[PDB]
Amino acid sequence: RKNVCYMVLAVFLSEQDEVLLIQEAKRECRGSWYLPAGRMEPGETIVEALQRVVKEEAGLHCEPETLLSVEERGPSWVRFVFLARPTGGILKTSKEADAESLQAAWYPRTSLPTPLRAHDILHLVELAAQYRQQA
């Protein structure tokens, strides 16, 4: 009966203006960088999906701070973009590379790694930055 695909994405922006990025393992974009992101699974809530994607791709525990945006990528494709804060876990290094990601790392918002999986994350980091400024 499902007719829509919910996706989740996490923006972490530290006090030092660094963003948490993950390095993709998927063949089509292997070695490229992106935000922690993934499709919701049957049985979980959107916040549970956020936490799972962050754990799997970056190794960290987290909590959502706010919903920064909801995007209608298509009539049946919706992406929820959260500002998130780390609450524990261990940052995933390349020692732990697997199918979910090759590693995760923090980069200055203004000095991002390359190549990026997609550039749609630029705007998202700016959203976080503005939110943090407004708050």
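The first residue of the sequence shown is number 1, and the count goes up from there.
With reference to the PDB entry, specify whether the mean Cα temperature factor is higher for 99-107 or for 37-45. Higher mean C-alpha B-factor in the PDB entry: 37-45.
Once you work out the mean C-alpha B-factor for both 51-59 and 24-32 from the entry, which is higher? Taking the mean C-alpha B-factor of 24-32 and of 51-59, the larger value falls to 24-32.
Just grab whichever of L13, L127, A118, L9 has the top CA B-factor as deposited. Among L13, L127, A118, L9, the highest C-alpha B-factor in the entry belongs to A118.
Please rank the C-alpha B-factors of the chain's modelled residues and tell me whether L91 sits in the lowest, middle or highest third. Ranked within chain, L91 CA B lands in the middle tercile.
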